[PDB]
Number of protein chains: 10
Amino acid sequence: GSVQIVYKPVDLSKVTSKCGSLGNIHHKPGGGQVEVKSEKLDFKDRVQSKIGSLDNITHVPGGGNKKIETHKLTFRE
Amino acid sequence: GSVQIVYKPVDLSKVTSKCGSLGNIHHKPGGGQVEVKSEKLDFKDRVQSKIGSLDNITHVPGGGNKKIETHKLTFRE
Amino acid sequence: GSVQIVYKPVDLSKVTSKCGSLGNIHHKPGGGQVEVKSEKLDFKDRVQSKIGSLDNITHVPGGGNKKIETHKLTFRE
Amino acid sequence: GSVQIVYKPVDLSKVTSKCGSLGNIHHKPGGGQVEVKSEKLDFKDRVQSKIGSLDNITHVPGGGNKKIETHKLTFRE
Amino acid sequence: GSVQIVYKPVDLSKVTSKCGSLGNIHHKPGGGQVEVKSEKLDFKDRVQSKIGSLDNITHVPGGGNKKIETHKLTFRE
Amino acid sequence: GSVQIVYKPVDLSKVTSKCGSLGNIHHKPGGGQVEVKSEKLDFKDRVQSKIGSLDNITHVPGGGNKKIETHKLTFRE
Amino acid sequence: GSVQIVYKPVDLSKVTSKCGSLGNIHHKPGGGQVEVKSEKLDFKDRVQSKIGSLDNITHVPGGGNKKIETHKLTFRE
Amino acid sequence: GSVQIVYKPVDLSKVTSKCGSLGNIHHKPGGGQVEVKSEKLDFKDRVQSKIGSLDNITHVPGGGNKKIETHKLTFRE
Amino acid sequence: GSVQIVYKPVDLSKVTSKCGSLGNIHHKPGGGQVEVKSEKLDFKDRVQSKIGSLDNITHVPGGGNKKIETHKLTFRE
Amino acid sequence: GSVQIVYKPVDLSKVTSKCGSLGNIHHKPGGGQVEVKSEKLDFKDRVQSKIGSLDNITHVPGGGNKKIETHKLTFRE
């Protein structure tokens, strides 16, 4: 029993953007107050906890085009 | 018993955008107050917890076109 | 018993957008107050919890076109 | 017993939009107050809980065209 | 039983962006206050905890185009 | 014409209060938002204006007994 | 014409208070946002204006007994 | 015409307070945001203006008994 | 015409307070943000302006008893 | 015309306070941000301006009893 597998995907996609002028952005967060209480904490795996945070993020990219592509081939016998 | 598999998808997609002028954005969060109470915490897996947060995000991309593409081929015997 | 499988999908889709001028956006959240109480917490899987949050998000992309495409081929014997 | 399978879908769809001018958007949330009480919490699966939140989202994309396409081929013997 | 596997995906994708002028960005976070209490902490895995943080991030890239591509081939006998 | 005026009021009043125990008071205002617009403003007298305010007052006195007493004698000829 | 005026008011008032125990007071204002617009402002007298304020006052006196007493005698000829 | 004026008010008032124990007071203001706009400002008198303020006052006196007493005698001819 | 004026007020008032124990006071202001705009400012009198302030005051006196007393005698001819 | 004026007020007032123990005071201001804009400023009188300030005051006196007393006698002819 012969098994033949051909895996030749083709991609020619394009992801572009144009923006003539970009600016004049104001970000003025007005403070705040946060309080958290805990006693026991157990993390044993791929964990990404985030406890008691006060964050401000100003994200202004001229591009920001995102492309994700995943290929997977599994063979079992 | 011979098995033949051909896997040749073709992609020529395009994802574009045009924006002549972009700006004059005002973000003024007015504070706040948050309180959380816990005692026991057990995370053992692919967890993404987020406890007691006060966040402000200003996200202004000139592009921001997103493309996700996944291929998968599983063979069992 | 010979088995022949041909998998050649074709895609030429396009997802575009045009916007001559974009701006003059005001975001003024007026604070707030949130309180949460818990004692026992067990997360063991692909969990995405989010407890006790006060968030403001200003999302202004000039593009923002999203395309998701998934292919899957499973063979069993 | 020979089995022949041909899988060649064709797509040439387009999803576009035009907007000459876009702006002058005001978002003024007037605060609030939320309180939640719990003691036992067990999440063991693909869960997406969200407990005790006060959120404001201002989403203004110049594009925002969304396209989702999924292909699946299952073979059993 | 001979097994032949051909794995020749082709990629010619492009991810570009143009932005004529970009600037005039103001980020003025107004302080804050955060307090966290815990006693026991056990992390034994790929953990990425983050406890009690007050962060401000100003992220302004002229490019910022992101591309992620993963290939995987598993053979079992 | 002789005029005789005798002005001898007598006061022995008492204003007391007793409170054995006083406490456990919670004041949690949930933010808000107020906007006022004006152009011309003229105040020329004993004025006590108050324009565009967002106030929270927590007033807990153990005493708080108030006594006001005014005497006035006017003579004309 | 002889005029005789006697002005001998008597006061023996008392204003007291007792409070055995006083405490456990929580004041947690949740932020806010206020905006005022004006162009012309003229104050020429005993004025006590207050424009565009965001105030929190926690007033806890153990006493706080207030007494106001005014005497006035006017003679004209 | 002889004029005789006798002005002998008597005061023996007392203003006291007792408080056995006083404490455990929490004041946690959660930020905020205030904006004021003006162009012309003229104050020529006993004025007490206060423009664009964000204040927090924690006033805890063990006493705090206030007494105001004013005497006035005006003679005209 | 002889004029006789006798001005002998008597005061024996007392203003006291007792507080056995006083403490455990927490003051935690959570920041904020204030902005004021003006161009013309004219103050020519007993003025007490206060423009664009962010203040926190923690006032804890063990005493704090206040007494104000004013006498005035005006004679005209 | 002889004029006789006798001005002999008597004061024996007392203003006291007792506080057995006083302490354990925490003052933790969480920053902030204030901005003021002006161009013309004219002060010609008894003025007490205060522009663009960020102040924290911790005032803890063991005494703090205040007494104000003013006498005035005006004679005209």
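Residues numbered from 1 in each chain as written, not as in the entry; some residues may be left out. Chains lettered and ligands numbered in written order. Heavy atoms only, no water.

- What the deposited record gives as its method is cryo-EM, and the resolution it gives is 3.5 Å.

**Some thoughts on the overall build of chain A**
Then, number 1: Counting its secondary structure elements, chain A contains zero helices and eight strands.
Then, number 2: Walking chain A from its N terminus toward its C terminus, one meets helices and strands in the order β-β-β-β-β-β-β-β.
Then, number 3: The globule rule puts the C-alpha radius of gyration for 77 residues at 11 Å, and the 24 Å found for chain A is more than 25% above it.
Then, number 4: With respect to the principal axes defined by its C-alpha atoms, chain A has extents near 70 × 50 × 5 Å.
Then, number 5: Considering chain A as a whole, with its 77 residues, one finds that 65% of them fall into the buried category.
Then, number 6: For chain A, the computed accessible surface area is about 2100 Å², with 47% contributed by carbon and sulfur atoms.
Then, number 7: For chain A, the centre of its 13 positive side-chain charges and the centre of its 8 negative side-chain charges are spaced 8 Å apart. (Helix = DSSP H or I, 4+ residues; strand = E, 2+ residues; numbered from the N terminus. Rg over C-alpha atoms; globule rule 2.2 N^0.38 Å. Buried < 20%, exposed > 50% of the residue type's maximum accessible area, 1.4 Å probe, protein only. Areas by Shrake-Rupley, 256 points an atom, 1.4 Å probe, with all protein chains shown as cover. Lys, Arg positive; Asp, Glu negative; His and termini not counted. Charge placed at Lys NZ, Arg CZ, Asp CG, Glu CD.)

**Digging into a negative patch on the surface**
Then, number 1: On the surface, a cluster of negative charge is made up of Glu77(A), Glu77(B), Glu77(C), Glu77(D) and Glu77(E).
Then, number 2: Position of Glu77(D) among the secondary structure elements: in the segment after β8 (66–75). (Patch = residues over 30% accessible without salt bridge, like charges linked within 9 Å, V, L, I, M, F, W, Y side chains within 5 Å. Salt bridge = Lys/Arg side-chain N within 4 Å of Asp/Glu carboxyl O.)

**Side note on the interface of chain A and chain B**
Then, number 1: Taken together, the 77 residues of chain A in the interface contact 77 residues of chain B.
Then, number 2: Each partner contributes to the roughly 6300 Å² buried at the junction of chain A and chain B, and carbon and sulfur atoms together form 49% of this total.
Then, number 3: Between the two partners, chain A and chain B, sit zero salt bridges.
Then, number 4: For the pair chain A and chain B, the interface holds 74 residue pairs in polar contact.
Then, number 5: Mapped by element, the contributors of at least two residues to the side of chain A that touches chain B are β1 (3–7), β2 (10–11), β3 (14–15), β4 (18–27), β5 (33–37), β6 (42–43), β7 (51–59) and β8 (66–75) of chain A.
Then, number 6: Judged from the five bridges that link them, β5(A) and strand β5 (residues 33–37) of chain B form a sheet pairing that is parallel. Each residue of the ladder has a partner; that of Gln33(A), found in β5(B), is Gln33(B). (Contact = heavy atoms within 4.5 Å. Buried area = accessible area lost by both parts, 1.4 Å probe. Polar contact = N/O pair within 3.5 Å; in protein donor to acceptor, adjacent residues only side chain to side chain. Pairing = 2+ DSSP bridges.)

**With respect to the arrangement of the chains**
Then, number 1: The smallest C-alpha distance separating chain F from chain I is 11 Å, and no contact links them.
Then, number 2: Taking C-alpha atoms as the reference, chain F and chain J come no closer than 15 Å and do not contact one another.

**Some words on the interface of chain I and chain E**
Then, number 1: Contacts between chain I and chain E engage six residues on the former and five residues on the latter.
Then, number 2: For the pair chain I and chain E, the summed buried surface comes to about 420 Å²; carbon and sulfur atoms form 31% of the total.
Then, number 3: Here chain I and chain E share one salt bridge between them.
Then, number 4: For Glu35(E), the salt bridge identified is with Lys28(I), shortest N-O distance 2.5 Å.
Then, number 5: Summed over the shared surface of chain I and chain E, the number is four residue pairs in polar contact.
Then, number 6: Tallied by class, residues from the side of chain I that touches chain E come to one nonpolar, four polar and one charged. (Nonpolar A, V, L, I, M, F, W, Y, C, P; charged D, E, K, R; others polar.)

**Remarks on the pattern of salt bridges**
Then, number 1: Summed over the entire model, instances satisfying the criterion amount to 49 salt bridges over all chains.
Then, number 2: For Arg46(F), the salt bridge identified is with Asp45(F), shortest N-O distance 3.7 Å.
Then, number 3: The exposure class of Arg46(F) is exposed, given its relative accessible area of 62%.
Then, number 4: Given a relative accessible area of 38%, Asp45(F) falls into the partly exposed group.
Then, number 5: The closest approach of N and O atoms between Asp55(H) and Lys50(H), which form a salt bridge, is 2.7 Å. Exposure class is identical for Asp55(H) and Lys50(H). Each is buried.
Then, number 6: Put simply, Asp11(A), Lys67(A) and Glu69(A) are held in one network by salt bridges that share partners.

**Examining the environment of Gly52(I)**
Then, number 1: Topologically, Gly52(I) is positioned in strand β7 (residues 51–59).
Then, number 2: Taking the C-alpha atoms as reference points, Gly52(I) and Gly30(I), separated by 22 residues in sequence, lie 18 Å from one another.
Then, number 3: Excluding residues that lie within four positions of it along the chain, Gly52(I) makes contacts with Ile51(H), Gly52(H), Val36(I), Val34(J), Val36(J), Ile51(J), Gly52(J) and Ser53(J).

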